[PDB]
Every structure is written in structure tokens, then in C-alpha cells.
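Those sequence lines, one after another, are chains C, K and J.
Residue numbering for the first sequence follows the deposited numbering, beginning at 1 and increasing consecutively.
Counted the way the deposited numbering counts, the second sequence spans residues 0 to 24, 38 to 288.
Residue numbering for the third sequence follows the deposited numbering, beginning at 0 and increasing consecutively.
The C-beta atom is built at its ideal place from N, Cα and C for all residues, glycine as well.
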Amino acid sequence: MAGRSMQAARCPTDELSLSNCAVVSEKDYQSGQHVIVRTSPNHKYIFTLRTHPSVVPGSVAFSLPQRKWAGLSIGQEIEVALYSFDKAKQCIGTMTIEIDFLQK
Amino acid sequence: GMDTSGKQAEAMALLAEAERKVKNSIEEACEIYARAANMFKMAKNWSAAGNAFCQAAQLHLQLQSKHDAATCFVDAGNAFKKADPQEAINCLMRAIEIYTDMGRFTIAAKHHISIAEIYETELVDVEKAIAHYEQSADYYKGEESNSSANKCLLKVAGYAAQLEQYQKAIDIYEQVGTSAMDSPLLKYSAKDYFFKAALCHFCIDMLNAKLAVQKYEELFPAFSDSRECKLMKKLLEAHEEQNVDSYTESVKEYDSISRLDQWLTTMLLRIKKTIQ
Amino acid sequence: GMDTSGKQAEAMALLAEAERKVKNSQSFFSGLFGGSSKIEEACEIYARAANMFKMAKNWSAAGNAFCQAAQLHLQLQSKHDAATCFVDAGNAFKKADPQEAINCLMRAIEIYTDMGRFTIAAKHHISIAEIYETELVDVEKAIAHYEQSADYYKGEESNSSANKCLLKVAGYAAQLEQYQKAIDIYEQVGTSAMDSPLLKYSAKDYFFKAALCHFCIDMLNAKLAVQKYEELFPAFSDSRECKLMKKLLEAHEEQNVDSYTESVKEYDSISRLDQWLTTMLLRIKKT
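Pasting the structure below:
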């Protein structure tokens with residue numbers, strides 16, 4: 001809740017990479033838990049957690065798209081704190097998504 | 000020729016004379045031992061000359077003499093250097109201990125450098141060489157001899173990158189380059205060190221190398237103009253597409269313009285092998 | 000590792016034994032008049048303690064032991080060893096506590112200059128100026144120390160060393176926006192260095208700086224100074240410096256800031272510029 005520091009890791013599996021969920025160790029968090037990741041005072045990025053046994057405690061595995069969007073590097077230190085939504089105001093009704101072929 | 004037999008017989012006679020003189024129980041015995049060891053050295057009997065030198069050093073140290081004792085210990089160490097490296101290491105360790113006791117740190121650092129050299133060249137051991145080089149660098153930096161410390165740190169970082177993890181190499185290269193940029197005479201070479209550091213980051217991951225090169229380019233504007241910066245940017249782009257042919261073409265072109273250290277070749281081969 | 004704890008413990012034990020020895024030395028002297036053997040032995044223990052502390056990386060303890068030994072051996076009327084230990088403190092406390100090293104080096108300088116050994120005093124003054132410069136921006140004290148060292152070296156007739164001190168003083172003074180001293184020092188050193196066989200090649204550079212330092216004053220005197228320098232050192236014309244100054248003067252004569260900036264950029268591209276030159280050029284461009 002208050003936020004803890006740890007080291008970013010690489011996404012363990014292709015399925016979890018496609019899930020777009022930050023892969024965590026069961027000992028650290030739980031599947032479905034939601035967090036805010038601080039990399040600096042001006043850099044906060046919002047993630048949803050999913051547990052995987054292979055994750056080492058004290059680390060979170062992120063996919064390449066997640067690393068690029070959040071600018072996270074394997075081995076870098078980051079803080080992360082559990083974040084709770086205000087479902088009465090933050091629940092999503094409509095999403096406009098820009099789509100393109102991932103590979104030319 | 001007459002030299003071998005004559006000098007050997009004279010050395011044995013002098014050793015026996017010194018042994019008899021001590022049997023009477038003293039500086040005369042030490043002088044005889046030193047002369048006999050010298051003749052042994054002329055006779056090419058490299059072995060057993062260090063033995064006589066060590067005996068003389070012990071006899072002289074018996075009477076509280078330390079300077080000449082240390083000099084003769086170092087003499088025996090270098091004499092055994094070719095005949096028996098291990099006893100040379102031991103004699104040099106003794107001399108280093110005594111010299112550090114009196115606080116002549118430059119002599120101790122030089123002897124540590126020699127010990128690391130003999131350890132790395134004749135015997136096969138890197139960790140002992142790394143430790144000795146680090147000790148010599150610490151001694152010199154305590155004596156504020158910047159050039160020698162930089163040389164030792166560069167060697168240690170090179171070996172650590174060669175076998176050990178890259179964090180030590182990253183740290184040493186970054187520190188040395190940062191110290192080197194400001195220097196008026198040495199500024200021109202700074203690029204090199206930085207470049208090396210970046211390559212080590214690549215061995216870990218491409219994104220770490222990208223962030224490191226971005227930080228270096230920001231810190232050192234001249235680095236942007238370096239042909240090295242362009243080469244790494246091109247290589248990183250080629251790697252990001254899992255395209256080995258571009259990797260090979262860029263490496264070959266750069267080698268064509270300028271020859272390779274054979275260290276860059278090793279690192280580039282390692283990086284290429286892991287491109288998959 | 001074992002080094003830290005072991006060296007610390009043995010050094011504390013030895014220092015406590017030395018303290019007990021000096022405590023009992025007064026009683027020994029009063030009851031028997033043993034002389035200075037006890038005091039000399041205590042000084043030996045203290046010097047060994049300082050050296051071990053230096054080995055143990057505990058610089059503060061080594062400096063304290065060195066200062067104690069300096070004081071004790073000075074009490075024995077041995078000013079040479081006392082000054083040696085004062086310089087030991089100056090070089091040991093240098094990193095642990097720069098301020099203490101300052102006063103230690105002043106004491107050593109006073110002792111040395113008492114005997115007229117001016118070279119050592121000048122070296123210590125240079126070290127103190129370096130200490131002032133590296134940490135503090137208190138430029139004035141550095142300038143004073145450098146001037147004193149240069150004067151001492153000139154009084155020792157050892158040329159080519161006072162020269163560098165004068166160059167440092169002039170370069171630092173030029174930063175303070177006081178240009179007459181910089182101009183005078185630069186021109187004096189340049190005129191001295193024209194005639195040297197080996198140094199001749201470098202002489203031109205000095206003139207350049209002077210002219211640039213003469214540029215902030217006003218354009219016209221800079222032009223006339225360029226003429227004066229060129230007539231005296233015709234080879235100066237060949238150097239790129241004269242071409243660059245002429246181009247900059249022509250650009251500024253018509254307020255053509257763009258041409259001046261382009262010329263500066265081109266020259267920097269050919270050869271990277273120094274921070275001092277960059278600052279001087281920026282200050283000139285303000286006009």
C-alpha cells in the first residue's frame with residue numbers, strides 16, 4: 001500500500017506478455033491486484049497484476065511493450081504501490097483504440 | 000668450461016667457510045654468503061643462489077638489520093623468479109610485508125604489480141592477479157599517483173569484463189572516462205572508455221545499452237559525433253529486427269575502416285551469438 | 000573484512016600503550032632523569048600508529064597520531080622532524096579534513112621558510128592553492144597563494160615554473176572581469192616565450208588569448224593590438240587565430256550576429272572549444 005522498491009524483470013511467458021498484465025510473484029501480490037509504478041516524481045504508470053510462480057520475490061516481470069510504454073529496463077529499480085480504482089467514476093464505458101498490424 | 004666447475008667449487012668452499020664461521024658461535041659469514049651467491053649467479057646456477065641469499069638475509073635480520081635484509085630478500089625473489097616462481101612469490105611477499113611495515117608504499121605497490129605479472133604470465137590465475145593489481149592501485153591512489161592507479165584499474169576492469177560480471181567493468185570504465193574528460197591532454201581518448209562501457213551493457217540487454225548510450229551522449233556531447241556512436245546506433249537498430257545480415261555488414265564495414273582490438277571482436281561475437 | 004577490525008583494534012591497543020608510556024615518562028624523568036629515550040620511543044609508537052591507521056584506511060586517526068608526534072618532537076626542539084610531521088598531517092588530513100591540513104601546511108611553510116628553504120615553501124603554497132581551488136570557489140586565496148609561490152620561484156631564479164603560476168593567476172583573474180592584469184601577464188609571457196627555441200611554437204597562443212581578453216574592453220583597441228602583435232610576430236598571421244579574429248571583427252562591425260555565430264560554430268566544429276574560450280566568446284557576443 002505505502003509502496004515498495006524492487007527490480008524490474010522480463011516477462012516469463014508469451015501468454016502473460018499478451019495478457020498485458022504485470023507478472024508478479026504470489027508471495028508479493030495476488031492475481032487481479034492493481035498497482036501504480038513510480039520510476040521518478042514525474043513518472044507514474046498504471047498496471048494490473050497477475051501472479052506467476054516463476055517470478056522471484058522482490059521483482060516484477062514486464063513485457064517489451066510494457067517496458068517501452070513505461071520506459072522500464074530490466075535490472076532497474078522502481079517503486080510500486082497498490083492502487084484502488086473509484087469504480088463509481090473510473091469504470092470504463094467506451095474505448096477508442098487505434099489498431100495496426102504488429103509486424104509488417 | 001672452467002667457469003662452471005671453478006665457480007661451483009668456490010661457492011661450495013665459501014658456503015662451508017661461512018657455515019664453519021657460524022659454527023664457532038658474524039657479518040663475515042653474511043659477506044661470504046653474499047659473495048658465494050653472486051658467484052653462483054655468474055655460474056648460471058640460478059637455483060640455490062636464492063637459497064644462499066635467503067640464508068644471508070635471515071642471518072642479517074637476526075641482528076635487527078631490516079633494509080639490507082629486505083633488499084636481499086627481493087634479490088632472492090627475482091633470482092627464483094625464473095627457476096621457481098612460487099618461492100619468488102613468497103620472497104616478494106615477505107619483502108612487501110616489511111616495506112609496508114616501514115611504509116614505503118611505492119615499493120610495495122611495485123612489488124605487488126610484479127607479483128601480479130608473474131602470477132598471470134607463468135602460472136594461470138586471474139583472481140590473484142586481480143587482487144594484487146587492486147592492492148597496488150589502492151596503494152598508489154593513497155599516494156595519489158593517478159596514472160598508475162588508472163592503469164591498474166583499467167587492467168582489472170578489462171579482466172573482470174573478460175571473465176567476471178560486467179558491473180565492475182561498467183563502474184571502472186565510467187569512473188575513468190569521467191575523470192578523463194576534463195583533463196586537457198587526455199580528453200581526446202575519453203570516448204574509448206565510454207564506448208567500452210556501453211558494449212558491456214549490451215551483453216546484459218539491448219534496452220540497458222540503449223539507456224546507457226543515451227545517458228553518455230547527453231553527458232558527453234562530443235560522443236554524439238563519434239563514429240562509435242553511429243556504429244552502436246546502427247548495430248542496436250539491426251539487432252532490434254533480429255536481422256543478422258545487417259549486424260554482420262556493419263561490423264565488417266567498421267573493421268574495414270579500422271582494425272579491431274580482438275576484445276571488441278570477442279564482445280561483438282558474444283552479442284551476435286545471443287541475437288537469435 | 001578482517002583488515003578493518005583487526006587494524007583498528009591493534010592500533011587502539013598500541014595507541015593506549017603509547018599514552019601510558021608518555022604518562023609514565025614524566026615520572027621516570029622526575030625520579031631518574033632518563034633523558035629523551037622514553038619520549039623518542041613514544042614518538043616511534045605514535046608514528047607507527049599513524050602509519051597503521053593509514054593502512055587501515057582510517058585517515059582521521061592517522062592524522063591525529065601524526066599531529067601528536069609533530070607536537071611531541073617539536074617539544075624536543077627538533078623542528079625538522081616536527082615540520083615533517085606537520086606535512087604528514089597536511090597530507091593525511093587533506094582528505095579527512097581539509098581545514099586542518101590547511102593550518103598544518105601553514106605551520107610547515109613557516110618552519111621551512113624560517114631556514115630560507117623557499118622551494119619547499121613554494122611547493123606547499125601551491126598545494127594549498129590547489130586545495131582551495133578544488134573544493135572551494137574562494138578564488139582570491141588561490142590567487143594570493145599562487146602569486147606568493149610565483150614570487151618565491153622568481154626569487155629562486157627557477158624560470159618556467161613561475162611562468163605557469165603567472166599564467167594560472169592571469170587566467171583566473173580574467174574570469175573575475177578584471178582584464179588589465181590578464182592582458183599584461185599574457186603579453187609579458189608571450190614576449191618572453193617568442194625567443195625560446197622550444198617554447199616558440201606555443202607563444203602565438205598566448206597572444207590570441209590576450210587579444211580576446213583585449214576584445215571585451217573595446218573593438219578599436221583590439222584591432223590596434225592585433226596590428227601591434229602581427230608586426231612583432233609576422234608568423235602569427237599564418238595561424239587560424241588571426242583569420243578568426245578578423246572575421247569576427249568584420250561581422251561585429253556591422254552588427255552581423257549571424258555571421259559571427261556561424262564563424263564561431265565552424266571553428267568549434269574544426270576544433271572543440273574550451274570552456275574559458277566559450278565563456279569569453281559568449282560574453283563578447285552579448286554586445
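Terminal residues of the alpha helix (DSSP H) in which residue i lies
i, result
"J:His-144", "138-154"
"K:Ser-262", "256-269"
"C:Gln-30", "Element bounds for C:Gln-30: n/a, residue is neither H nor E."
"C:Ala-22", "Run containing C:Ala-22: none in the alpha helix (DSSP H); it sits in the beta strand (DSSP E), 22-24."
"J:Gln-76", "J:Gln-76 -> no alpha helix (DSSP H), and no H or E assigned at all."
"K:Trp-58", "Where K:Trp-58 is concerned, there is no enclosing alpha helix (DSSP H), given that its DSSP letter is neither H nor E."
"K:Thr-277", "275-285"
"K:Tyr-228", "218-231"
"J:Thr-3", "1-31"
"J:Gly-189", "178-193"
"J:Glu-99", "97-113"
"residue 108 of chain C", "Nothing can be reported for residue 108 of chain C, as the shown portion of chain C is limited to 1 through 104."
"K:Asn-162", "158-174"
"J:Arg-239", "239-252"
Residues bridged to residue i (per DSSP)
i, result
"C:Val-35", "C:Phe-47, C:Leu-82"
"C:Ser-5", "C:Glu-79"
"C:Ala-61", "C:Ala-9, C:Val-23"
"C:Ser-40", "C:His-43"
Cβ neighbour criterion (16 or more within 10 Å) applied to residue i
i, result
"J:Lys-245", "exposed"
"C:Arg-4", "exposed"
"J:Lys-167", "buried"
"C:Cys-21", "buried"
"J:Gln-67", "buried"
"J:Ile-216", "exposed"
"K:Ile-108", "buried"
"residue 109 of chain C", "Residue 109 of chain C is absent from the structure shown; chain C starts at 1 and stops at 104."
"J:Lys-53", "buried"
"C:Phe-85", "exposed"
"K:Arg-271", "exposed"
"J:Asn-50", "buried"
"K:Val-188", "buried"
"J:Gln-177", "exposed"
"J:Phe-92", "buried"
Where the beta strand (DSSP E) containing residue i begins and where it ends
i, result
"C:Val-56", "Taken as a continuous stretch (DSSP letters only), C:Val-56 belongs to no beta strand (DSSP E), as it is neither H nor E."
Cα-Cα separation, residue i to residue j
i, j, result
"K:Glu-261", "K:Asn-255", "11 Å"
"K:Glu-16", "J:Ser-36", "40 Å"
"K:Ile-142", "K:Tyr-171", "8 Å"
"J:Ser-157", "J:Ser-148", "12 Å"
"C:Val-60", "J:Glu-129", "49 Å"
"J:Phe-206", "J:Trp-275", "15 Å"
"K:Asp-267", "K:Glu-132", "30 Å"
"J:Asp-273", "K:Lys-208", "26 Å"
"K:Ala-88", "K:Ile-38", "21 Å"
"J:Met-11", "J:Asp-96", "21 Å"
"C:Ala-88", "C:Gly-32", "19 Å"
"J:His-72", "J:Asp-80", "7 Å"
"C:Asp-28", "J:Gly-5", "41 Å"
"K:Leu-223", "J:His-213", "45 Å"
"K:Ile-101", "J:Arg-19", "40 Å"
"J:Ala-41", "J:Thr-112", "28 Å"
"J:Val-136", "J:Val-86", "24 Å"
"J:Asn-63", "K:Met-218", "51 Å"
"K:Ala-69", "K:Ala-82", "8 Å"
"J:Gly-34", "J:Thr-3", "37 Å"
"C:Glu-77", "C:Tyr-83", "19 Å"
"C:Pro-57", "J:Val-138", "53 Å"
"J:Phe-32", "K:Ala-120", "41 Å"
"K:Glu-99", "J:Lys-203", "59 Å"
Residue i: CB within 8 Å of a non-hydrogen atom of the ligand GDP
i, result
"K:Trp-275", "Absence of the ligand GDP from the depicted structure is noted, as is the absence of any ligand whatsoever, leaving it without description."
Chain B contact residues for residue i, given Cβ-Cβ distances below 7 Å
i, result
"K:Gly-115", "Going by chain labels, chain B is absent from the structure shown, which instead holds the protein chains C, K and J."
Chain K contacts made by the stretch 261-283 of chain J, where a contact means CB separation under 7 Å: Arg-271
Where the stretch 38-55 of chain J meets chain K: residues whose CB sits under 8 Å from a CB there: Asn-50, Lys-53, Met-54
Residues of the stretch 72-101 of chain C with Cβ closer than 7 Å to any Cβ of chain K, in chain order: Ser-73, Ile-74, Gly-75
Positions along the stretch 48-72 of chain C whose CB lies within less than 8 Å of some CB in chain K: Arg-67
Cβ-based contacts, 8 Å cut-off: residues of the stretch 198-231 of chain K near chain C: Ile-216, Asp-217, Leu-219, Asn-220, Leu-223
Chain-ordered residues of the stretch 232-250 of chain K with a beta carbon less than 7 Å from chain J: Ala-234
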